[PDB]
>>> print(open('target.txt').read())   # compact mmCIF, C-alpha atoms (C1' of nucleotides)
# COMPACT_ATOMS: atom_id res chain seq x y z
CA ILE G 1 28.34 6.38 -5.99
CA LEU G 2 31.17 4.95 -3.89
CA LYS G 3 31.63 2.93 -0.70
CA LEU G 4 35.07 3.49 0.87
CA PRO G 5 36.25 3.45 4.51
CA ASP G 6 33.47 4.21 6.98
CA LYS G 7 35.38 7.23 8.29
CA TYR G 8 35.72 9.04 4.97
CA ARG G 9 32.12 8.60 3.82
CA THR G 10 30.32 9.58 7.00
CA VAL G 11 31.48 13.24 6.89
CA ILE G 12 30.85 13.77 3.16
CA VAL G 13 27.28 12.47 3.65
CA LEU G 14 26.94 14.71 6.72
CA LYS G 15 28.20 18.02 5.29
CA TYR G 16 27.08 17.89 1.70
CA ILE G 17 23.59 16.38 2.06
CA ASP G 18 22.12 18.14 5.14
CA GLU G 19 24.55 21.07 4.62
CA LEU G 20 26.09 20.09 7.94
CA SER G 21 28.64 22.72 9.01
CA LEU G 22 32.09 21.71 10.16
CA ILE G 23 31.47 22.74 13.75
CA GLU G 24 28.12 20.94 13.40
CA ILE G 25 29.74 17.74 12.13
CA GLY G 26 32.21 18.14 15.00
CA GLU G 27 30.12 19.13 18.04
CA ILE G 28 27.47 16.58 17.08
CA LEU G 29 29.99 13.79 16.37
CA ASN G 30 31.97 15.21 19.32
CA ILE G 31 35.20 15.40 17.30
CA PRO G 32 37.59 18.26 16.48
CA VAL G 33 36.84 20.46 13.46
CA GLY G 34 40.29 19.99 11.97
CA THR G 35 39.50 16.29 11.94
CA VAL G 36 36.26 17.02 10.08
CA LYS G 37 38.37 18.86 7.52
CA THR G 38 40.74 15.94 7.06
CA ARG G 39 37.94 13.35 6.85
CA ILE G 40 36.22 15.51 4.25
CA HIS G 41 39.35 16.08 2.21
CA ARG G 42 40.11 12.39 2.05
CA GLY G 43 36.50 11.36 1.40
CA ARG G 44 36.68 13.62 -1.61
CA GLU G 45 40.02 12.46 -3.02
CA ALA G 46 38.94 8.85 -2.49
CA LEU G 47 35.73 9.49 -4.44
CA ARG G 48 37.81 11.11 -7.22
CA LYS G 49 40.15 8.11 -7.54
CA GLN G 50 37.32 5.59 -7.30
CA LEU G 51 34.97 7.51 -9.58
CA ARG G 52 36.85 5.99 -12.51
CA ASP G 53 35.45 2.42 -12.62
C1' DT C 1 48.51 6.45 6.87
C1' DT C 2 45.45 8.65 10.94
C1' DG C 3 44.29 12.73 13.81
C1' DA C 4 44.78 17.26 14.14
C1' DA C 5 46.49 22.00 14.15
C1' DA C 6 48.53 25.39 10.95
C1' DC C 7 47.83 27.61 7.27
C1' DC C 8 45.87 29.61 2.87
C1' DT C 9 41.39 30.73 0.19
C1' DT C 10 36.65 31.35 -0.36
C1' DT C 11 32.36 33.20 1.18
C1' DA Q 1 35.94 37.98 10.21
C1' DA Q 2 34.37 33.13 10.04
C1' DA Q 3 33.81 28.80 7.35
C1' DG Q 4 35.79 26.15 4.14
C1' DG Q 5 39.82 23.62 2.15
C1' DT Q 6 44.82 22.40 2.15
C1' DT Q 7 49.35 21.17 3.50
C1' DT Q 8 52.04 19.25 7.04
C1' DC Q 9 53.40 16.41 11.62
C1' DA Q 10 53.42 13.25 15.15
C1' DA Q 11 51.83 8.82 16.75
>>> encode(input="target.txt", output="C-alpha cells")
Amino acid sequence: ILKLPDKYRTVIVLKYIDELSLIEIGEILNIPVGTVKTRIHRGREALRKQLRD
DNA sequence: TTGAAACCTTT
DNA sequence: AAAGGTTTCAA
C-alpha cells in the first residue's frame, strides 16, 4: 500500500511475502542479518506513518 | 540518518 | 536455543 525508499521496502516484501528468513534475506542479498533487522524495522515504521493518507 | 552489533522478546 | 524485533553507535 506504500512506496517508500527502495531499501526499506525490499526487505518487507522479501520476509513477509515469501516468508524469507533473516539469514535468507541476508545470505541471498549478501548482507548482514543485523542490517536485515534494521531495514525491516524501518520499513515497518515508515509504513505505519504513511498508512495514514 | 544509515549500517550494524548488542540486546531483549517471541517462537 | 535460535529467530525475530528493538535500542543504540559510529560513520
>>> atom_distance(input="target.txt", atom1="atom CA of residue G:20", atom2="atom CA of residue G:42")
17.0 Å
>>> atom_distance(input="target.txt", atom1="atom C1' of residue Q:1", atom2="atom CA of residue G:38")
22.8 Å
>>> residues_around(input="target.txt", residues="residue C:2", least_positions_apart="4", cutoff="10 Å", atoms="only C-alpha atoms (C1' of nucleotides)", output="NGL selection string")
(:G and (35 or 38-39)) or (:Q and (11))
>>> closest_atom_pairs(input="target.txt", of="chain C", to="chain G", cutoff="8 Å", atoms="all atoms listed in the file", output="tab-separated table")
residue	atom	partner	partner_atom	distance
C:3	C1'	G:35	CA	6.3
C:4	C1'	G:34	CA	5.7
C:5	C1'	G:34	CA	6.9
>>> atom_distance(input="target.txt", atom1="atom CA of residue G:9", atom2="atom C1' of residue Q:6")
18.8 Å
>>> interface_residues(input="target.txt", of="chain G", to="chain Q", cutoff="10 Å", atoms="only C-alpha atoms (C1' of nucleotides)", output="PyMOL selection string")
chain G and resi 21-23+37-38+40-41
>>> write_last_selection(input="target.txt", atoms="C-alpha atoms", output="PDB file, keeping the file's coordinate frame")
ATOM      1  CA  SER G  21      28.640  22.720   9.010  1.00  0.00           C
ATOM      2  CA  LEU G  22      32.090  21.710  10.160  1.00  0.00           C
ATOM      3  CA  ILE G  23      31.470  22.740  13.750  1.00  0.00           C
ATOM      4  CA  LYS G  37      38.370  18.860   7.520  1.00  0.00           C
ATOM      5  CA  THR G  38      40.740  15.940   7.060  1.00  0.00           C
ATOM      6  CA  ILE G  40      36.220  15.510   4.250  1.00  0.00           C
ATOM      7  CA  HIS G  41      39.350  16.080   2.210  1.00  0.00           C
TER       8      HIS G  41
END
>>> residues_around(input="target.txt", residues="residue G:52", least_positions_apart="6", cutoff="12 Å", atoms="only C-alpha atoms (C1' of nucleotides)", output="list in words")
residues 1, 2, 45 and 46 of chain G
>>> write_last_selection(input="target.txt", atoms="C-alpha atoms", output="mmCIF file, keeping the file's coordinate frame")
data_model
loop_
_atom_site.group_PDB
_atom_site.id
_atom_site.type_symbol
_atom_site.label_atom_id
_atom_site.label_comp_id
_atom_site.auth_asym_id
_atom_site.auth_seq_id
_atom_site.Cartn_x
_atom_site.Cartn_y
_atom_site.Cartn_z
ATOM 1 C CA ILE G 1 28.340 6.380 -5.990
ATOM 2 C CA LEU G 2 31.170 4.950 -3.890
ATOM 3 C CA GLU G 45 40.020 12.460 -3.020
ATOM 4 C CA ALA G 46 38.940 8.850 -2.490
#
>>> decode(input="target.txt", residues="stretch 3-32 of chain G", atoms="N, CA and C atoms", output="PDB file, in the first residue's frame")
ATOM      1  N   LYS G   3       4.831   3.088  -1.176  1.00  0.00           N
ATOM      2  CA  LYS G   3       6.118   3.138  -1.851  1.00  0.00           C
ATOM      3  C   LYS G   3       6.999   4.178  -1.156  1.00  0.00           C
ATOM      4  N   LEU G   4       8.069   3.708  -0.535  1.00  0.00           N
ATOM      5  CA  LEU G   4       8.971   4.486   0.297  1.00  0.00           C
ATOM      6  C   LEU G   4      10.361   4.455  -0.318  1.00  0.00           C
ATOM      7  N   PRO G   5      11.447   4.646   0.449  1.00  0.00           N
ATOM      8  CA  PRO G   5      12.769   4.276  -0.072  1.00  0.00           C
ATOM      9  C   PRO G   5      12.835   2.830  -0.565  1.00  0.00           C
ATOM     10  N   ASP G   6      13.704   2.618  -1.564  1.00  0.00           N
ATOM     11  CA  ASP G   6      13.893   1.287  -2.125  1.00  0.00           C
ATOM     12  C   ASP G   6      14.520   0.320  -1.125  1.00  0.00           C
ATOM     13  N   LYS G   7      15.271   0.833  -0.152  1.00  0.00           N
ATOM     14  CA  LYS G   7      15.927  -0.034   0.812  1.00  0.00           C
ATOM     15  C   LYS G   7      14.914  -0.627   1.775  1.00  0.00           C
ATOM     16  N   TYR G   8      14.105   0.232   2.399  1.00  0.00           N
ATOM     17  CA  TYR G   8      13.063  -0.224   3.305  1.00  0.00           C
ATOM     18  C   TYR G   8      12.209  -1.313   2.679  1.00  0.00           C
ATOM     19  N   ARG G   9      11.642  -1.049   1.502  1.00  0.00           N
ATOM     20  CA  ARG G   9      10.537  -1.880   1.006  1.00  0.00           C
ATOM     21  C   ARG G   9      11.006  -3.255   0.543  1.00  0.00           C
ATOM     22  N   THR G  10      12.209  -3.325  -0.007  1.00  0.00           N
ATOM     23  CA  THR G  10      12.706  -4.605  -0.467  1.00  0.00           C
ATOM     24  C   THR G  10      12.562  -5.668   0.617  1.00  0.00           C
ATOM     25  N   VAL G  11      13.101  -5.418   1.822  1.00  0.00           N
ATOM     26  CA  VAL G  11      13.148  -6.469   2.854  1.00  0.00           C
ATOM     27  C   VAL G  11      11.768  -6.824   3.403  1.00  0.00           C
ATOM     28  N   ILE G  12      10.833  -5.869   3.490  1.00  0.00           N
ATOM     29  CA  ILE G  12       9.496  -6.234   3.955  1.00  0.00           C
ATOM     30  C   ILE G  12       8.815  -7.145   2.940  1.00  0.00           C
ATOM     31  N   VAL G  13       8.941  -6.816   1.641  1.00  0.00           N
ATOM     32  CA  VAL G  13       8.458  -7.702   0.572  1.00  0.00           C
ATOM     33  C   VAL G  13       9.108  -9.084   0.660  1.00  0.00           C
ATOM     34  N   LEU G  14      10.420  -9.114   0.906  1.00  0.00           N
ATOM     35  CA  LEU G  14      11.157 -10.373   0.955  1.00  0.00           C
ATOM     36  C   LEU G  14      10.698 -11.255   2.128  1.00  0.00           C
ATOM     37  N   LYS G  15      10.687 -10.712   3.353  1.00  0.00           N
ATOM     38  CA  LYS G  15      10.425 -11.572   4.511  1.00  0.00           C
ATOM     39  C   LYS G  15       8.959 -11.903   4.659  1.00  0.00           C
ATOM     40  N   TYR G  16       8.075 -10.930   4.463  1.00  0.00           N
ATOM     41  CA  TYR G  16       6.687 -11.213   4.784  1.00  0.00           C
ATOM     42  C   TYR G  16       6.043 -12.087   3.709  1.00  0.00           C
ATOM     43  N   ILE G  17       6.300 -11.792   2.432  1.00  0.00           N
ATOM     44  CA  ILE G  17       5.551 -12.439   1.355  1.00  0.00           C
ATOM     45  C   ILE G  17       5.980 -13.896   1.180  1.00  0.00           C
ATOM     46  N   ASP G  18       7.248 -14.129   0.794  1.00  0.00           N
ATOM     47  CA  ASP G  18       7.790 -15.483   0.666  1.00  0.00           C
ATOM     48  C   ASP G  18       8.315 -16.036   1.995  1.00  0.00           C
ATOM     49  N   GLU G  19       7.864 -15.491   3.130  1.00  0.00           N
ATOM     50  CA  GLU G  19       8.356 -15.914   4.438  1.00  0.00           C
ATOM     51  C   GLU G  19       9.865 -16.043   4.426  1.00  0.00           C
ATOM     52  N   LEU G  20      10.547 -15.083   3.805  1.00  0.00           N
ATOM     53  CA  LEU G  20      12.003 -15.134   3.756  1.00  0.00           C
ATOM     54  C   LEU G  20      12.576 -14.913   5.159  1.00  0.00           C
ATOM     55  N   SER G  21      13.371 -15.869   5.644  1.00  0.00           N
ATOM     56  CA  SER G  21      14.070 -15.707   6.909  1.00  0.00           C
ATOM     57  C   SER G  21      14.977 -14.483   6.873  1.00  0.00           C
ATOM     58  N   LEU G  22      15.563 -14.185   8.033  1.00  0.00           N
ATOM     59  CA  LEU G  22      16.515 -13.089   8.110  1.00  0.00           C
ATOM     60  C   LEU G  22      17.864 -13.524   7.571  1.00  0.00           C
ATOM     61  N   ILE G  23      18.321 -14.727   7.939  1.00  0.00           N
ATOM     62  CA  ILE G  23      19.554 -15.210   7.315  1.00  0.00           C
ATOM     63  C   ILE G  23      19.356 -15.414   5.822  1.00  0.00           C
ATOM     64  N   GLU G  24      18.145 -15.809   5.410  1.00  0.00           N
ATOM     65  CA  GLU G  24      17.833 -15.945   3.991  1.00  0.00           C
ATOM     66  C   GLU G  24      17.957 -14.594   3.303  1.00  0.00           C
ATOM     67  N   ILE G  25      17.190 -13.605   3.770  1.00  0.00           N
ATOM     68  CA  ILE G  25      17.288 -12.254   3.225  1.00  0.00           C
ATOM     69  C   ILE G  25      18.734 -11.790   3.162  1.00  0.00           C
ATOM     70  N   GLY G  26      19.507 -12.085   4.209  1.00  0.00           N
ATOM     71  CA  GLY G  26      20.920 -11.763   4.232  1.00  0.00           C
ATOM     72  C   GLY G  26      21.724 -12.504   3.188  1.00  0.00           C
ATOM     73  N   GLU G  27      22.003 -13.787   3.465  1.00  0.00           N
ATOM     74  CA  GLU G  27      22.854 -14.637   2.626  1.00  0.00           C
ATOM     75  C   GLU G  27      22.504 -14.560   1.145  1.00  0.00           C
ATOM     76  N   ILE G  28      21.227 -14.374   0.817  1.00  0.00           N
ATOM     77  CA  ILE G  28      20.848 -14.218  -0.584  1.00  0.00           C
ATOM     78  C   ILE G  28      21.172 -12.807  -1.070  1.00  0.00           C
ATOM     79  N   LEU G  29      20.731 -11.768  -0.346  1.00  0.00           N
ATOM     80  CA  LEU G  29      21.189 -10.413  -0.649  1.00  0.00           C
ATOM     81  C   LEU G  29      22.636 -10.167  -0.260  1.00  0.00           C
ATOM     82  N   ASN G  30      23.296 -11.121   0.401  1.00  0.00           N
ATOM     83  CA  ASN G  30      24.714 -10.976   0.730  1.00  0.00           C
ATOM     84  C   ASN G  30      24.923  -9.706   1.553  1.00  0.00           C
ATOM     85  N   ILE G  31      24.207  -9.651   2.672  1.00  0.00           N
ATOM     86  CA  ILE G  31      24.198  -8.510   3.587  1.00  0.00           C
ATOM     87  C   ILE G  31      24.018  -9.029   4.997  1.00  0.00           C
ATOM     88  N   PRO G  32      24.596  -8.349   5.987  1.00  0.00           N
ATOM     89  CA  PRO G  32      24.483  -8.828   7.383  1.00  0.00           C
ATOM     90  C   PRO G  32      23.049  -8.901   7.931  1.00  0.00           C
TER      91      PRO G  32
END
